[PDB]
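# Fold and geometry: a report
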Amino acid sequence: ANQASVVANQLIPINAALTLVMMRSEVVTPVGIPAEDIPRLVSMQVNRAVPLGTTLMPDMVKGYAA
């Protein structure tokens with residue numbers, strides 16, 4: 001597997017806007033939002049709490065559509 005996903009680098013509280021310190025890139029399964037989309041996720045809000053080490057999925061970000 002070579003495809004990396006965005007993984008929460010800290011607990012992201014419900015309704016928080018994403019910042020760069022919150023997002024790392026890891027090869028995990030199941031695959032979530034592509035790690036190269038991290039720039040484009042900044043300031044978007046999550047619709048649930050995302051614990052440390054959880055893969056960020058399309059349905060967890062408000063307004064995500066790519």
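Residues numbered from 1 in each chain as written, not as in the entry; some residues may be left out. Heavy atoms only, no water. Residues with missing side-chain atoms left out of burial classes, pairs and counts.

## Points about the UniProt feature "domain: AFP-like" in the chain
The residues that UniProt annotates with the feature "domain: AFP-like" are residues 5-64. This span, residues 5-64, is 7% helix and 13% strand, and a straight line between its end C-alpha atoms measures 15 Å. (UniProt positions renumbered as here; feature names shortened; annotations may be inferred. Helix = DSSP H or I, 4+ residues; strand = E, 2+ residues; numbered from the N terminus.)

## Things to note about the environment of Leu20
Considering the arrangement of structural elements, one finds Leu20 in the loop between β1 (5-8) and β2 (23-26). C-alpha separation for the pair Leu20 and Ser43, spaced 23 residues apart in sequence, amounts to 9.2 Å. Leave out the neighbours within four places in its chain, and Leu20 touches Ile38 and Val42. (Contact = heavy atoms within 4.5 Å.)

## Examining the side chain of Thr55
Following the sequence through the fold, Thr55 ends up in the segment after α1 (38-41). Look past the residues within four positions of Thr55 in its chain and what remains in contact with it is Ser5, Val6, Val7, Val28, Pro30, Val31, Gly32 and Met60.

## Considering the nonpolar core
With 17 residues, the main nonpolar core has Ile12, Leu18, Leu41 and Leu56 as its most contacted residues. For this core, the elements supplying multiple residues, two or more each, are β1 and α1. Once you skip the residues sitting within four places of it in the chain, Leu56 turns out to touch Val6, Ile12, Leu18, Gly32, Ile33, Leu41, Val46, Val50 and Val61. (Core = buried A, V, L, I, M, F, W, Y, C linked by side-chain atoms within 4.5 Å. Buried < 20%, exposed > 50% of the residue type's maximum accessible area, 1.4 Å probe, protein only.)

## Focus on the pattern of salt bridges
Taken as a whole, this structure holds three salt bridges when the rule is applied. For the salt bridge of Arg48 with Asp59, the shortest nitrogen-to-oxygen distance reads 3.5 Å. One end of the pair, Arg48, is in the segment after α1; the other, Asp59, is in the segment after α1, and 11 residues separate them in sequence. (Salt bridge = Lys/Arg side-chain N within 4 Å of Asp/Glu carboxyl O.)

## Details of the environment of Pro30
Structurally, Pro30 is set in the loop between β2 and α1. Apart from residues no more than four positions distant in its own chain, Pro30 is found in contact with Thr55 and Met57.

## Here's the deal with unusual backbone geometry
A cis amide bond links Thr29 with the next residue in sequence, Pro30, at an omega value of -5°. A positive phi is found at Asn15, a non-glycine position, where the angle reads about 65°. Here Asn15 falls in the partly exposed class, since its relative accessible area comes to 43%. Unusually for a residue other than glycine, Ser43 sits at a positive phi of about 80°. In this fold, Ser43 is placed in the segment after α1.

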